[PDB]
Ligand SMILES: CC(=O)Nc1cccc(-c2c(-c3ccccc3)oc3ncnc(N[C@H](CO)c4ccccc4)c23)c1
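First, one chain by itself in structure tokens, the form deposited without the named molecule.
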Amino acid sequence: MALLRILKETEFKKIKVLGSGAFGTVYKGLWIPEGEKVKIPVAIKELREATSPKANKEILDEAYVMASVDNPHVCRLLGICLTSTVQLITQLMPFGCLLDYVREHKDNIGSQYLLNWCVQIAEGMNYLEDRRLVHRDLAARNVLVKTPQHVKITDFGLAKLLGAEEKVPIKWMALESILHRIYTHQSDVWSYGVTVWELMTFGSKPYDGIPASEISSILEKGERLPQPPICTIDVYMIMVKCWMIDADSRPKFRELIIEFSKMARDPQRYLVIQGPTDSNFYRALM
């Protein structure tokens, strides 16, 4: 793990589209590092024209930071490539996002795999906080699976690399972020909060049915995501505290890490469930 590697528009190969989003489309590809006769499997994301347009020197900077994230639970930017469009290169993640994944195994996932992912995700965010970096878009759909036992937060820096100039994940945003577009490690803890809920409810859509536009209000009124079925009061409670109105009263990642680590140490005492290696995303990468 080192700094940012700049590629030439002929050092990688787009093999096949895996799926386009709103920030751009992604392909399965190979990396032919000029020099060595080695070819490593990556993932190429070709962003779309940005409204604001940050010159090739600034874009180039944010990319370094994204390239400097060194932690087992936070995808790092391997290589960038500027041409008439920008393309980001990163190590490909076999199983896809942790969201589709938990939905696709709602009866195969045990108390231990959840608690663990919780701890790992905390771990990662705690790192991003140590480096005075705010994610702004944590969410189960942004946690990729390397293996059912190792997950990592992704997309760090991609959002802000285009939409911090003046859509929005309202249901993952903390009150302040919604009302004033305020983002901090404490606002992330809010999101962490939802992310844990998505997991505990095997991929249920949060505030499902309620329009986004209505969220700020119900939120101010004292409304929160419900206690998931499999959650004892102990677990839910922590999910709730990440949704306090006063950011400063929300648990700190280092605290979270410690909590879930403890529970992970007696899973069946905090999560009650009745009682994998696959995902249709994996079927597309084979």
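Counting begins at 1, following the sequence as shown.
Chemist: I'd like to know the size of any gap between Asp107 and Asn108, counted in deposited residues with no coordinates: none, 1 to 3, 4 to 9, or 10 or more.
Modeler: Gap between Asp107 and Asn108: none, chain continuous.
Chemist: Looking only at CA atoms, which has the higher mean B factor in the entry: 85 to 93 or 120 to 128?
Modeler: Stretch with the higher mean C-alpha B-factor: 85 to 93.
Chemist: Averaging the C-alpha B factors as listed in the entry, name the stretch that ends up higher: 5 to 13 or 261 to 269.
Modeler: The stretch with the larger mean CA B-factor is 5 to 13.
Chemist: Of the options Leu161, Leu77, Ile210, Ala140, which has the highest CA B factor as deposited?
Modeler: Across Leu161, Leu77, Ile210, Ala140, the entry lists the biggest C-alpha B-factor for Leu161.
Chemist: Which one of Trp31, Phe253, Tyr236, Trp243 shows the biggest C-alpha B-factor in the PDB entry?
Modeler: Highest C-alpha B-factor among the listed options: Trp31.
Chemist: Would you mind checking where the Cα B-factor of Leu225 ranks among the modelled residues of its chain, as the lowest, middle or highest third?
Modeler: Ranked within chain, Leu225 CA B lands in the lowest tercile.
Chemist: Within this chain's modelled residues, let me know which third the CA B factor of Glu165 belongs to: lowest, middle or highest.
Modeler: Its C-alpha B-factor belongs to the highest third of this chain's values.
Chemist: Compared with the other modelled residues in the chain, in which third is the CA B-factor of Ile218?
Modeler: Lowest third of the chain for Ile218's C-alpha B-factor.
Chemist: Taking the C-alpha B-factors as the PDB entry records them, is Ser191 in the lowest, middle or highest third of its chain?
Modeler: It falls in the bottom third of the chain.
Chemist: Among all modelled residues of this chain, ranked by Cα B factor, put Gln112 in the bottom, middle or top third, i.e. lowest, middle or highest.
Modeler: Top third by C-alpha B-factor.
The following text describes the form solved in complex with the named molecule, which does not appear among the structures shown.
Chemist: Just superimpose the C-alphas near the binding site, carry the named molecule over as positioned in the deposited complex, and say whether the shown chain is open or blocked by the 2.4 Å backbone or C-beta rule (3+ atoms for blocked).
Modeler: If you fit the named molecule onto this chain using the C-alphas around its site, the pocket comes out open.
Chemist: Quick one: does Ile215 come within 4.5 Å of the named molecule in the deposited complex, counting heavy atoms only?
Modeler: So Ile215 does not count as contacting the named molecule.
Chemist: Even though the partner isn't displayed, in the deposited complex is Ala43 close enough to the named molecule, meaning a heavy atom within 4.5 Å?
Modeler: Yes - in the deposited complex, heavy atoms of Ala43 and the named molecule come within 4.5 Å of each other.
Chemist: Determine whether any heavy atom of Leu18 comes within 4.5 Å of a heavy atom of the named molecule in the deposited complex, and answer yes or no.
Modeler: Judged by the heavy-atom cut-off of 4.5 Å, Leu18 is in contact with the named molecule in the deposited complex.
Chemist: Looking in the deposited complex, any heavy atom of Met93 within 4.5 Å of the named molecule?
Modeler: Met93: yes, in contact with the named molecule in the deposited complex.
Chemist: Tell me, please, which stretch of 59 to 67, 256 to 264, 239 to 247, 222 to 230 lies within 4.5 angstroms of the named molecule in the deposited complex when heavy atoms are compared?
Modeler: Stretch with heavy atoms near the partner: 59 to 67.
Chemist: Which one of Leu115, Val194, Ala122, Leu144 is close to the named molecule in the deposited complex, taking close to mean a heavy atom within 4.5 Å?
Modeler: Looking at the other structure, the residue within range turns out to be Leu144.
Chemist: So which of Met200, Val189, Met173, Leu88 gets a non-hydrogen atom within 4.5 Å of the named molecule in the deposited complex?
Modeler: Among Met200, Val189, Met173, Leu88, a heavy atom within 4.5 Å of the named molecule in the deposited complex occurs only for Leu88.
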